[PDB]
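What follows is the content of work24.pdb (PDB, C-alpha atoms (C1' of nucleotides)).
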MODEL        1
ATOM      1  CA  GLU A   1     -92.950 -62.987-103.082
ATOM      2  CA  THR A   2     -93.204 -59.187-102.964
ATOM      3  CA  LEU A   3     -96.301 -59.590-100.784
ATOM      4  CA  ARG A   4     -94.892 -62.317 -98.527
ATOM      5  CA  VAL A   5     -91.774 -60.225 -97.839
ATOM      6  CA  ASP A   6     -94.017 -57.272 -96.930
ATOM      7  CA  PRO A   7     -94.181 -57.240 -93.109
ATOM      8  CA  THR A   8     -97.339 -55.087 -93.074
ATOM      9  CA  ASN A   9    -100.497 -56.343 -94.782
ATOM     10  CA  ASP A  10    -102.971 -53.535 -93.990
ATOM     11  CA  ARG A  11    -103.304 -49.962 -95.209
ATOM     12  CA  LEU A  12    -102.690 -48.190 -91.894
ATOM     13  CA  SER A  13     -99.314 -49.728 -91.038
ATOM     14  CA  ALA A  14     -98.252 -49.407 -94.682
ATOM     15  CA  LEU A  15     -98.620 -45.619 -94.502
ATOM     16  CA  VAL A  16     -96.509 -45.203 -91.369
ATOM     17  CA  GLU A  17     -93.946 -47.683 -92.706
ATOM     18  CA  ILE A  18     -93.554 -45.813 -95.996
ATOM     19  CA  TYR A  19     -93.341 -42.532 -94.070
ATOM     20  CA  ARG A  20     -90.560 -43.944 -91.888
ATOM     21  CA  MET A  21     -88.910 -45.086 -95.119
ATOM     22  CA  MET A  22     -89.185 -41.549 -96.519
ATOM     23  CA  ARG A  23     -88.759 -39.346 -93.458
ATOM     24  CA  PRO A  24     -85.954 -39.963 -90.936
ATOM     25  CA  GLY A  25     -88.221 -41.519 -88.337
ATOM     26  CA  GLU A  26     -90.734 -39.254 -86.601
ATOM     27  CA  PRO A  27     -93.711 -41.537 -87.344
ATOM     28  CA  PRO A  28     -97.158 -39.915 -87.378
ATOM     29  CA  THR A  29    -100.487 -41.377 -86.229
ATOM     30  CA  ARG A  30    -102.320 -41.089 -89.564
ATOM     31  CA  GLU A  31    -101.578 -37.338 -89.564
ATOM     32  CA  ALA A  32     -98.368 -36.634 -91.505
ATOM     33  CA  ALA A  33     -97.836 -40.062 -93.087
ATOM     34  CA  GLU A  34    -100.871 -40.066 -95.380
ATOM     35  CA  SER A  35    -100.559 -36.335 -96.074
ATOM     36  CA  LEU A  36     -96.904 -36.602 -97.098
ATOM     37  CA  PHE A  37     -97.560 -39.737 -99.156
ATOM     38  CA  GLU A  38    -100.310 -37.889-101.033
ATOM     39  CA  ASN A  39     -98.304 -34.657-101.342
ATOM     40  CA  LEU A  40     -95.132 -36.262-102.708
ATOM     41  CA  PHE A  41     -96.788 -37.788-105.778
ATOM     42  CA  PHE A  42    -100.509 -36.937-105.923
ATOM     43  CA  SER A  43    -100.140 -33.170-105.373
ATOM     44  CA  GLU A  44     -99.879 -30.730-108.274
ATOM     45  CA  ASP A  45     -97.716 -28.408-106.156
ATOM     46  CA  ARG A  46     -94.705 -30.729-105.737
ATOM     47  CA  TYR A  47     -95.312 -32.880-108.835
ATOM     48  CA  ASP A  48     -95.365 -31.239-112.271
ATOM     49  CA  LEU A  49     -95.342 -33.946-114.937
ATOM     50  CA  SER A  50     -95.372 -31.885-118.117
TER      51      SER A  50
ATOM     52  CA  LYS B   1    -100.757 -29.747 -68.031
ATOM     53  CA  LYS B   2     -99.673 -26.670 -70.016
ATOM     54  CA  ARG B   3     -96.101 -27.902 -70.241
ATOM     55  CA  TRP B   4     -93.101 -25.713 -71.079
ATOM     56  CA  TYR B   5     -91.617 -27.621 -74.000
ATOM     57  CA  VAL B   6     -88.300 -26.359 -75.371
ATOM     58  CA  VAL B   7     -87.353 -26.026 -79.045
ATOM     59  CA  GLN B   8     -84.587 -24.295 -81.006
ATOM     60  CA  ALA B   9     -85.157 -22.408 -84.256
ATOM     61  CA  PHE B  10     -83.047 -20.539 -86.794
ATOM     62  CA  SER B  11     -80.883 -18.151 -84.788
ATOM     63  CA  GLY B  12     -80.790 -14.446 -85.597
ATOM     64  CA  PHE B  13     -84.353 -14.626 -86.924
ATOM     65  CA  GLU B  14     -85.584 -15.808 -83.517
ATOM     66  CA  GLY B  15     -87.914 -12.839 -83.137
ATOM     67  CA  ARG B  16     -89.208 -13.609 -86.622
ATOM     68  CA  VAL B  17     -89.739 -17.188 -85.436
ATOM     69  CA  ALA B  18     -91.635 -15.896 -82.402
ATOM     70  CA  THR B  19     -93.989 -13.774 -84.497
ATOM     71  CA  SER B  20     -94.456 -16.447 -87.181
ATOM     72  CA  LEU B  21     -95.400 -19.030 -84.550
ATOM     73  CA  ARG B  22     -97.679 -16.532 -82.788
ATOM     74  CA  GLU B  23     -99.472 -15.732 -86.051
ATOM     75  CA  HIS B  24     -99.779 -19.435 -86.878
ATOM     76  CA  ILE B  25    -101.349 -20.228 -83.499
ATOM     77  CA  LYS B  26    -103.666 -17.219 -83.779
ATOM     78  CA  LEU B  27    -104.759 -18.282 -87.277
ATOM     79  CA  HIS B  28    -105.701 -21.855 -86.315
ATOM     80  CA  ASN B  29    -107.452 -20.466 -83.173
ATOM     81  CA  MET B  30    -105.748 -23.121 -81.041
ATOM     82  CA  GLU B  31    -105.199 -20.956 -77.958
ATOM     83  CA  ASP B  32    -106.708 -23.661 -75.731
ATOM     84  CA  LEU B  33    -103.875 -25.996 -76.820
ATOM     85  CA  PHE B  34    -100.815 -23.704 -77.074
ATOM     86  CA  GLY B  35     -99.372 -20.708 -75.261
ATOM     87  CA  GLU B  36     -96.615 -18.101 -75.538
ATOM     88  CA  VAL B  37     -93.326 -18.064 -77.441
ATOM     89  CA  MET B  38     -91.127 -16.592 -74.680
ATOM     90  CA  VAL B  39     -91.589 -12.874 -75.333
ATOM     91  CA  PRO B  40     -89.624 -12.201 -72.067
ATOM     92  CA  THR B  41     -86.440 -12.735 -74.108
ATOM     93  CA  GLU B  42     -85.950  -8.951 -74.032
ATOM     94  CA  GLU B  43     -83.072  -7.926 -71.786
ATOM     95  CA  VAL B  44     -83.382  -4.147 -71.819
ATOM     96  CA  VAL B  45     -79.588  -3.864 -71.343
ATOM     97  CA  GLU B  46     -78.007  -1.751 -74.062
ATOM     98  CA  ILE B  47     -75.085   0.391 -75.198
ATOM     99  CA  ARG B  48     -76.409   3.788 -74.109
ATOM    100  CA  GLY B  49     -74.698   6.388 -76.278
ATOM    101  CA  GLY B  50     -74.638  10.120 -75.668
ATOM    102  CA  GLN B  51     -77.229  12.335 -77.401
ATOM    103  CA  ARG B  52     -78.679   9.159 -79.004
ATOM    104  CA  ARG B  53     -80.551   6.831 -76.629
ATOM    105  CA  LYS B  54     -81.652   4.294 -79.260
ATOM    106  CA  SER B  55     -81.941   1.045 -77.290
ATOM    107  CA  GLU B  56     -82.925  -2.234 -78.947
ATOM    108  CA  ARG B  57     -83.263  -3.983 -75.557
ATOM    109  CA  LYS B  58     -82.540  -7.501 -76.837
ATOM    110  CA  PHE B  59     -80.086  -9.839 -75.081
ATOM    111  CA  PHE B  60     -80.795 -13.558 -74.626
ATOM    112  CA  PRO B  61     -79.369 -16.921 -75.817
ATOM    113  CA  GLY B  62     -82.413 -17.196 -78.070
ATOM    114  CA  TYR B  63     -84.059 -20.616 -78.119
ATOM    115  CA  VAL B  64     -87.658 -19.615 -78.884
ATOM    116  CA  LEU B  65     -89.726 -22.120 -76.894
ATOM    117  CA  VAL B  66     -93.505 -22.561 -76.820
ATOM    118  CA  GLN B  67     -95.679 -23.597 -73.879
ATOM    119  CA  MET B  68     -97.612 -26.562 -75.244
ATOM    120  CA  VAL B  69     -99.196 -29.923 -74.443
ATOM    121  CA  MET B  70     -97.610 -32.941 -76.107
ATOM    122  CA  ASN B  71     -99.590 -34.153 -79.123
ATOM    123  CA  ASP B  72     -98.562 -35.648 -82.453
ATOM    124  CA  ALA B  73    -100.828 -33.386 -84.519
ATOM    125  CA  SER B  74     -99.615 -30.334 -82.585
ATOM    126  CA  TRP B  75     -96.032 -31.443 -83.219
ATOM    127  CA  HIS B  76     -96.769 -31.609 -86.942
ATOM    128  CA  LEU B  77     -98.280 -28.119 -86.768
ATOM    129  CA  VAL B  78     -95.238 -26.656 -85.003
ATOM    130  CA  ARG B  79     -92.850 -28.365 -87.432
ATOM    131  CA  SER B  80     -94.840 -27.398 -90.542
ATOM    132  CA  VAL B  81     -93.919 -23.745 -89.913
ATOM    133  CA  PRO B  82     -90.408 -22.666 -90.996
ATOM    134  CA  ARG B  83     -87.459 -22.323 -88.620
ATOM    135  CA  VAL B  84     -87.688 -25.767 -87.009
ATOM    136  CA  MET B  85     -83.911 -26.315 -87.146
ATOM    137  CA  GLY B  86     -83.981 -28.345 -83.943
ATOM    138  CA  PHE B  87     -86.824 -29.782 -81.875
ATOM    139  CA  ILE B  88     -84.636 -30.488 -78.876
ATOM    140  CA  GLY B  89     -85.446 -32.943 -76.106
ATOM    141  CA  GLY B  90     -84.165 -36.436 -75.383
ATOM    142  CA  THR B  91     -86.366 -38.635 -77.568
ATOM    143  CA  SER B  92     -87.009 -40.006 -81.029
ATOM    144  CA  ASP B  93     -89.622 -37.355 -81.851
ATOM    145  CA  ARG B  94     -91.594 -36.932 -78.573
ATOM    146  CA  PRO B  95     -89.627 -35.153 -75.830
ATOM    147  CA  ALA B  96     -90.291 -34.276 -72.199
ATOM    148  CA  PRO B  97     -90.522 -30.791 -70.659
ATOM    149  CA  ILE B  98     -88.458 -29.291 -67.834
ATOM    150  CA  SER B  99     -89.381 -29.099 -64.150
ATOM    151  CA  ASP B 100     -90.747 -25.959 -62.494
ATOM    152  CA  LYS B 101     -87.402 -25.036 -60.896
ATOM    153  CA  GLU B 102     -86.050 -23.814 -64.235
ATOM    154  CA  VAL B 103     -89.374 -22.044 -64.817
ATOM    155  CA  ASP B 104     -88.874 -20.136 -61.564
ATOM    156  CA  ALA B 105     -85.271 -19.466 -62.605
ATOM    157  CA  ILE B 106     -86.292 -17.926 -65.932
ATOM    158  CA  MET B 107     -89.038 -15.990 -64.134
ATOM    159  CA  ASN B 108     -86.316 -14.559 -61.887
ATOM    160  CA  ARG B 109     -84.242 -13.777 -64.987
ATOM    161  CA  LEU B 110     -87.209 -11.861 -66.409
ATOM    162  CA  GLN B 111     -87.657 -10.075 -63.071
ATOM    163  CA  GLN B 112     -83.977  -9.049 -62.668
TER     164      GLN B 112
ATOM    165  CA  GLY C   1     -86.436 -40.083-128.847
ATOM    166  CA  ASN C   2     -85.712 -40.696-125.162
ATOM    167  CA  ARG C   3     -83.576 -37.524-125.021
ATOM    168  CA  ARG C   4     -85.418 -34.202-124.797
ATOM    169  CA  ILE C   5     -83.885 -30.822-125.636
ATOM    170  CA  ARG C   6     -84.577 -27.755-123.482
ATOM    171  CA  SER C   7     -83.792 -24.320-124.902
ATOM    172  CA  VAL C   8     -83.393 -20.885-123.310
ATOM    173  CA  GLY C   9     -87.129 -20.401-122.797
ATOM    174  CA  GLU C  10     -87.704 -23.603-120.839
ATOM    175  CA  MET C  11     -84.820 -22.968-118.434
ATOM    176  CA  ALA C  12     -85.881 -19.331-118.077
ATOM    177  CA  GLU C  13     -89.412 -20.435-117.179
ATOM    178  CA  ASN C  14     -88.023 -23.001-114.731
ATOM    179  CA  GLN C  15     -85.956 -20.342-112.961
ATOM    180  CA  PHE C  16     -88.949 -17.997-112.996
ATOM    181  CA  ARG C  17     -90.998 -20.701-111.273
ATOM    182  CA  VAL C  18     -88.166 -21.265-108.779
ATOM    183  CA  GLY C  19     -88.442 -17.582-107.914
ATOM    184  CA  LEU C  20     -92.228 -17.606-108.034
ATOM    185  CA  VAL C  21     -92.565 -20.370-105.444
ATOM    186  CA  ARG C  22     -90.602 -18.252-102.959
ATOM    187  CA  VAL C  23     -92.638 -15.179-103.915
ATOM    188  CA  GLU C  24     -95.787 -17.245-103.343
ATOM    189  CA  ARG C  25     -94.596 -18.409 -99.924
ATOM    190  CA  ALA C  26     -93.903 -14.774 -99.026
ATOM    191  CA  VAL C  27     -97.259 -13.443-100.231
ATOM    192  CA  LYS C  28     -99.062 -16.342 -98.530
ATOM    193  CA  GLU C  29     -97.396 -15.782 -95.162
ATOM    194  CA  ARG C  30     -98.204 -12.086 -95.647
ATOM    195  CA  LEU C  31    -101.842 -12.652 -96.657
ATOM    196  CA  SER C  32    -102.317 -15.200 -93.858
ATOM    197  CA  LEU C  33    -102.648 -12.190 -91.534
ATOM    198  CA  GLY C  34    -103.476  -9.416 -94.016
ATOM    199  CA  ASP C  35    -107.084  -8.284 -93.606
ATOM    200  CA  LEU C  36    -109.321  -6.033 -95.704
ATOM    201  CA  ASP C  37    -108.744  -2.313 -96.307
ATOM    202  CA  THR C  38    -105.069  -2.361 -95.384
ATOM    203  CA  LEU C  39    -103.005  -2.001 -98.569
ATOM    204  CA  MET C  40    -102.992  -2.161-102.375
ATOM    205  CA  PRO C  41    -101.688  -5.253-104.210
ATOM    206  CA  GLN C  42     -98.346  -3.599-104.963
ATOM    207  CA  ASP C  43     -96.389  -4.223-101.753
ATOM    208  CA  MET C  44     -97.474  -7.839-101.186
ATOM    209  CA  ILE C  45     -94.981  -9.047-103.791
ATOM    210  CA  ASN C  46     -91.238  -8.359-103.856
ATOM    211  CA  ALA C  47     -89.798  -7.274-107.201
ATOM    212  CA  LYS C  48     -86.143  -7.234-106.132
ATOM    213  CA  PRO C  49     -85.590 -10.944-105.254
ATOM    214  CA  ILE C  50     -87.272 -12.355-108.367
TER     215      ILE C  50
ATOM    216  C1'   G D   1     -57.849 -18.408-101.740
ATOM    217  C1'   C D   2     -61.259 -21.278-104.404
ATOM    218  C1'   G D   3     -65.231 -22.120-107.549
ATOM    219  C1'   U D   4     -67.479 -21.805-112.428
ATOM    220  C1'   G D   5     -67.275 -21.416-117.631
ATOM    221  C1'   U D   6     -64.216 -22.123-122.230
ATOM    222  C1'   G D   7     -60.092 -23.785-125.021
ATOM    223  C1'   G D   8     -55.449 -26.599-125.970
ATOM    224  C1'   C D   9     -51.231 -30.863-125.262
TER     225        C D   9
ATOM    226  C1'  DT E   1     -73.415 -69.511 -81.005
ATOM    227  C1'  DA E   2     -70.355 -69.724 -85.373
ATOM    228  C1'  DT E   3     -70.199 -68.788 -90.945
ATOM    229  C1'  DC E   4     -70.446 -66.742 -94.238
ATOM    230  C1'  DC E   5     -74.294 -63.499 -96.647
ATOM    231  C1'  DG E   6     -76.488 -59.280 -97.475
ATOM    232  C1'  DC E   7     -77.037 -54.127 -96.726
ATOM    233  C1'  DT E   8     -74.397 -49.695 -95.944
ATOM    234  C1'  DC E   9     -70.712 -46.429 -96.159
ATOM    235  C1'  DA E  10     -65.833 -44.357 -97.334
ATOM    236  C1'  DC E  11     -62.974 -43.369-101.527
ATOM    237  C1'  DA E  12     -60.924 -42.793-106.620
ATOM    238  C1'  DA E  13     -61.788 -40.038-110.980
ATOM    239  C1'  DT E  14     -54.448 -38.404-115.155
ATOM    240  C1'  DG E  15     -51.029 -34.819-115.262
ATOM    241  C1'  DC E  16     -50.712 -30.236-117.109
ATOM    242  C1'  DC E  17     -51.124 -25.336-119.696
ATOM    243  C1'  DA E  18     -54.004 -20.890-121.395
ATOM    244  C1'  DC E  19     -58.146 -17.152-120.965
ATOM    245  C1'  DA E  20     -62.397 -14.958-118.637
ATOM    246  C1'  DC E  21     -65.632 -13.755-114.353
ATOM    247  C1'  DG E  22     -67.608 -14.204-109.405
ATOM    248  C1'  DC E  23     -67.378 -13.653-103.356
ATOM    249  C1'  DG E  24     -75.998 -10.692-101.292
ATOM    250  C1'  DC E  25     -79.288  -6.987 -97.330
ATOM    251  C1'  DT E  26     -81.656  -6.519 -92.784
ATOM    252  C1'  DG E  27     -83.612  -7.939 -88.314
ATOM    253  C1'  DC E  28     -82.021 -10.303 -83.698
ATOM    254  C1'  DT E  29     -77.820 -11.029 -80.506
ATOM    255  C1'  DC E  30     -73.359 -10.149 -77.666
ATOM    256  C1'  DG E  31     -69.532  -7.440 -75.521
ATOM    257  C1'  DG E  32     -68.431  -4.261 -72.933
ATOM    258  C1'  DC E  33     -63.485   1.238 -70.694
ATOM    259  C1'  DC E  34     -59.831   7.172 -69.431
ATOM    260  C1'  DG E  35     -56.375  13.005 -70.674
ATOM    261  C1'  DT E  36     -50.287   8.699 -68.190
ATOM    262  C1'  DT E  37     -50.294   4.826 -73.367
ATOM    263  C1'  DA E  38     -49.473   6.259 -77.108
ATOM    264  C1'  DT E  39     -47.896  10.789 -80.479
ATOM    265  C1'  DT E  40     -44.857  13.782 -81.659
ATOM    266  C1'  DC E  41     -40.868  16.541 -81.349
ATOM    267  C1'  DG E  42     -35.854  17.986 -79.547
ATOM    268  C1'  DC E  43     -31.164  16.200 -79.472
ATOM    269  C1'  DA E  44     -27.031  13.826 -80.693
ATOM    270  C1'  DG E  45     -24.160   9.629 -82.578
ATOM    271  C1'  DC E  46     -22.556   8.185 -87.156
ATOM    272  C1'  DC E  47     -21.681   7.965 -92.077
ATOM    273  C1'  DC E  48     -21.114  10.672 -96.464
TER     274       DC E  48
ENDMDL
END
Would you mind giving the structure from this file in structure tokens?
Amino acid sequence: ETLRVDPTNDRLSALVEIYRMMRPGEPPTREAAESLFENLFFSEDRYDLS
Amino acid sequence: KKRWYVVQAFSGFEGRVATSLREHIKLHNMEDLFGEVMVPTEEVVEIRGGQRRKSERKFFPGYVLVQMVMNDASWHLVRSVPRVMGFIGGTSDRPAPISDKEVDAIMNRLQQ
Amino acid sequence: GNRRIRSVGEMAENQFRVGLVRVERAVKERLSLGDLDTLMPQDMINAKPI
RNA sequence: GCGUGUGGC
DNA sequence: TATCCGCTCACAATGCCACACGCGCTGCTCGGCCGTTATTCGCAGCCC
């Protein structure tokens, strides 16, 4: 059900969709979407799990 | 075309915005994509006191704007720098520049 | 067991990091244009805001 | 003028 | 195209009383003023 309710089924549109979910619009063409998605959780600068 | 796109930054620090943007463009050696940051915003008018002629020569509504060609990556570069309070222009995130009449008008203003 | 205690040292280190991230932004925007044989590493940082 | 901290009915 | 159904936002959180402290510096940016209006002293009505 979680997959069937997902309107996007590829990796590219998923990135821009999650960026639009995070940032107030301003969708990037594989430039800021992937970078922000990797910086918000997978970056040691803005993520400091002790 | 090397369009004259308009943007508004943090007021008061607008000279600091100009130099920060200039240094950022000069670091990424992207001179073939971007231009100036409206250095002509220096109206030499002043309050000329007696025996002390210290003149800052700064009088303009601000609005540091950069001559640039519209690109998504370039937009992300110019927003990654600080002082991006408002990227004005009627749009979602991709605006349009202003015609050459206002360019001639601001050139006249610089001439004065 | 799901509730962790943080004493004076942890909060002090957190505030020190909150200051240090700004100090790092400052020294990075200063070193972004600082070239060789210009200054000694004493004026790059700001002791008063930390 | 407010905010913050603390205490009491 | 109507009928509810689901997502989103405004709004509330006693009442009081007592004590204490705390409210940053520097680089752009904007407006704009006469020695005839405002300061100060000489003179006289009125109460003690």
(request) Quick one: everything within 12 Å of residue 8 of chain D, counting only C-alpha atoms (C1' of nucleotides), minus sequence neighbours fewer than 6 positions away in the same chain. Send it as JSON, numbers by chain. (result) {"E": [16, 17, 18, 19]}
Kindly export the residues of the current selection with C-alpha atoms (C1' of nucleotides), as a PDB file, in the frame of the given file.
ATOM      1  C1'  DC E  16     -50.712 -30.236-117.109  1.00  0.00           C
ATOM      2  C1'  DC E  17     -51.124 -25.336-119.696  1.00  0.00           C
ATOM      3  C1'  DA E  18     -54.004 -20.890-121.395  1.00  0.00           C
ATOM      4  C1'  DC E  19     -58.146 -17.152-120.965  1.00  0.00           C
TER       5       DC E  19
END
(request) Just say which residues the PyMOL selection byres ((chain A and resi 23-27) around 12) picks in this file, as a ChimeraX atom specification. (result) /A:13-22,28-34,36-37,40 /B:72-73,75-76,79,87,91-95
(request) Go through C:36, C:28, C:47, C:14 and flag the residue nearest chain A, using only C-alpha atoms for the distances. (result)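 Between C:36, C:28, C:47, C:14, the residue approaching chain A most closely is C:14.
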(request) Would you translate the PyMOL selection byres ((chain D and resi 5) around 10) into the concrete set of residues it matches in this file, as a PyMOL selection string? (result) (chain D and resi 4+6) or (chain E and resi 20-21)
(message) I'd like to see the residues matched by the PyMOL selection byres ((chain D and resi 1) around 12) on this file, and ideally I'd get them as a list in words.
(response)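 Selected by the PyMOL selection byres ((chain D and resi 1) around 12) here: residues 2 and 3 of chain D; 23 of chain E.
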(message) Could you tell me which residues of chain E sit within 7 Å of chain B when counting only C-alpha atoms (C1' of nucleotides), and give me the result as a VMD selection string?
(response) chain E and resid 27 to 29
(request) For chain B, work out the contacting residues on chain C at 9 Å, counting all atoms listed in the file, and write them as a list in words. (result) residues 29, 32 and 33 of chain C
(request) Would you work out the distance separating atom CA of residue 69 of chain B from atom CA of residue 35 of chain A, expressed in Å to one decimal? (result)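 The value is 22.6 Å.
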(message) Using Å and a single decimal, report how far atom CA of residue 66 of chain B sits from atom CA of residue 1 of chain B.
(response)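 Atom-to-atom, atom CA of residue 1 of chain B and atom CA of residue 66 of chain B are spaced 13.5 Å apart.
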Where atoms are absent from segment 24-36 of chain B, fill them in so it carries N, CA, C and O atoms, then output it as a PDB file, keeping the file's coordinate frame.
ATOM      1  N   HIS B  24     -99.261 -18.124 -86.503  1.00  0.00           N
ATOM      2  CA  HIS B  24     -99.779 -19.435 -86.878  1.00  0.00           C
ATOM      3  C   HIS B  24    -100.746 -19.970 -85.830  1.00  0.00           C
ATOM      4  O   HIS B  24    -101.780 -20.554 -86.175  1.00  0.00           O
ATOM      5  N   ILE B  25    -100.432 -19.783 -84.546  1.00  0.00           N
ATOM      6  CA  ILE B  25    -101.349 -20.228 -83.499  1.00  0.00           C
ATOM      7  C   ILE B  25    -102.619 -19.385 -83.506  1.00  0.00           C
ATOM      8  O   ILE B  25    -103.722 -19.903 -83.290  1.00  0.00           O
ATOM      9  N   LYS B  26    -102.491 -18.081 -83.760  1.00  0.00           N
ATOM     10  CA  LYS B  26    -103.666 -17.219 -83.779  1.00  0.00           C
ATOM     11  C   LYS B  26    -104.532 -17.446 -85.012  1.00  0.00           C
ATOM     12  O   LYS B  26    -105.725 -17.127 -84.982  1.00  0.00           O
ATOM     13  N   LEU B  27    -103.962 -17.987 -86.091  1.00  0.00           N
ATOM     14  CA  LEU B  27    -104.759 -18.282 -87.277  1.00  0.00           C
ATOM     15  C   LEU B  27    -105.596 -19.541 -87.084  1.00  0.00           C
ATOM     16  O   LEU B  27    -106.786 -19.554 -87.415  1.00  0.00           O
ATOM     17  N   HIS B  28    -104.996 -20.601 -86.546  1.00  0.00           N
ATOM     18  CA  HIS B  28    -105.701 -21.855 -86.315  1.00  0.00           C
ATOM     19  C   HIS B  28    -106.541 -21.838 -85.042  1.00  0.00           C
ATOM     20  O   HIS B  28    -107.072 -22.888 -84.664  1.00  0.00           O
ATOM     21  N   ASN B  29    -106.690 -20.668 -84.415  1.00  0.00           N
ATOM     22  CA  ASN B  29    -107.452 -20.466 -83.173  1.00  0.00           C
ATOM     23  C   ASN B  29    -107.319 -21.656 -82.226  1.00  0.00           C
ATOM     24  O   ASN B  29    -108.302 -22.246 -81.774  1.00  0.00           O
ATOM     25  N   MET B  30    -106.072 -22.010 -81.928  1.00  0.00           N
ATOM     26  CA  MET B  30    -105.748 -23.121 -81.041  1.00  0.00           C
ATOM     27  C   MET B  30    -105.160 -22.621 -79.724  1.00  0.00           C
ATOM     28  O   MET B  30    -104.212 -23.198 -79.189  1.00  0.00           O
ATOM     29  N   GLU B  31    -105.719 -21.530 -79.194  1.00  0.00           N
ATOM     30  CA  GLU B  31    -105.199 -20.956 -77.958  1.00  0.00           C
ATOM     31  C   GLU B  31    -105.420 -21.879 -76.767  1.00  0.00           C
ATOM     32  O   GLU B  31    -104.643 -21.846 -75.805  1.00  0.00           O
ATOM     33  N   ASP B  32    -106.463 -22.708 -76.806  1.00  0.00           N
ATOM     34  CA  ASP B  32    -106.708 -23.661 -75.731  1.00  0.00           C
ATOM     35  C   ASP B  32    -105.730 -24.829 -75.731  1.00  0.00           C
ATOM     36  O   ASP B  32    -105.745 -25.627 -74.786  1.00  0.00           O
ATOM     37  N   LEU B  33    -104.881 -24.948 -76.755  1.00  0.00           N
ATOM     38  CA  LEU B  33    -103.875 -25.996 -76.820  1.00  0.00           C
ATOM     39  C   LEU B  33    -102.447 -25.488 -76.684  1.00  0.00           C
ATOM     40  O   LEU B  33    -101.589 -26.245 -76.216  1.00  0.00           O
ATOM     41  N   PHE B  34    -102.167 -24.244 -77.069  1.00  0.00           N
ATOM     42  CA  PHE B  34    -100.815 -23.704 -77.074  1.00  0.00           C
ATOM     43  C   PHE B  34    -100.771 -22.407 -76.277  1.00  0.00           C
ATOM     44  O   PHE B  34    -101.803 -21.878 -75.854  1.00  0.00           O
ATOM     45  N   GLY B  35     -99.558 -21.895 -76.075  1.00  0.00           N
ATOM     46  CA  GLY B  35     -99.372 -20.708 -75.261  1.00  0.00           C
ATOM     47  C   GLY B  35     -98.506 -19.625 -75.872  1.00  0.00           C
ATOM     48  O   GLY B  35     -98.761 -19.170 -76.991  1.00  0.00           O
ATOM     49  N   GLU B  36     -97.480 -19.201 -75.140  1.00  0.00           N
ATOM     50  CA  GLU B  36     -96.615 -18.101 -75.538  1.00  0.00           C
ATOM     51  C   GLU B  36     -95.324 -18.634 -76.150  1.00  0.00           C
ATOM     52  O   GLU B  36     -95.032 -19.831 -76.109  1.00  0.00           O
TER      53      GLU B  36
END
